[PDB]
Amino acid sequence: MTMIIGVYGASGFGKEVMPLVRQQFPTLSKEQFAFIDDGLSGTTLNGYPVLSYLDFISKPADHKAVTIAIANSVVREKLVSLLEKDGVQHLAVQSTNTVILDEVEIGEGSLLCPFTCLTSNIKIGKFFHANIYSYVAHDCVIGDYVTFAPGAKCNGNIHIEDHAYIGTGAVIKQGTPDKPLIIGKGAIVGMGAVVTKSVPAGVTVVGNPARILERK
């Protein structure tokens, strides 16, 4: 009851995030960890209890911290507001084999999975998720609530705006110091996409080369 740690999201990447958090805090006992999930509430998962947000907040504990495993960026932002209302701490999570080089600034709530790499001179906003094998290269600027799926490749001089999603195995061409390649606010780079130029806000791009997807 000195500290309880929650992984918000029992389904999906939550099961991947839990062991990473266990490794971040190896001296905490298993009983100090829980999944938070309104829906899978009441159950157990991989030996951990699954709590509703109310049961989690109501637990007796001097300090509480949470990592939000939820991929959807809008939901992530919503859960964050909730956590802050209740004064819960945002946990930063990284993997043992993550590589980070020079002058990398990272906002709170980061989550960096195995085999991730951030090189040099990079600014990343809040609640950035980088799934396995994804990377950010030199002179990039990443906004808030950005999500990289596994194997997402963000090369040099790219600016990615808030709420963007870079899909599995996608690759993004480097920009230049004078002309960064921009991934627009809320833009979605679909899996396997090969992005050769800036992506407008709010569109989905797919294919090689990447093109705007007609969705209806």
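Sequential numbering from 1, following the sequence displayed.
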With B-factors read from the PDB entry, the higher C-alpha mean of 45-53 and 151-159 is in 45-53
Of 74-82 and 96-104, the stretch whose C-alpha atoms average the higher B-factor in the entry:
74-82
Among 204, 208, 198, 24, where is the Cα temperature factor highest, going by the PDB entry?
24
From 140, 88, 132, 118, which pick has the Cα B-factor that tops the rest in the entry?
88
What third of the chain does residue 173 rank in for C-alpha temperature factor, lowest, middle or highest?
lowest
Place residue 194 in the lowest, middle or highest third of its chain's C-alpha B-factors, as listed in the PDB entry.
lowest
Name the third of the chain's ranked CA B-factors that contains residue 17, choosing lowest, middle or highest.
lowest
Is the Cα B-factor recorded for residue 183 in the lowest, middle or highest third of its chain?
lowest
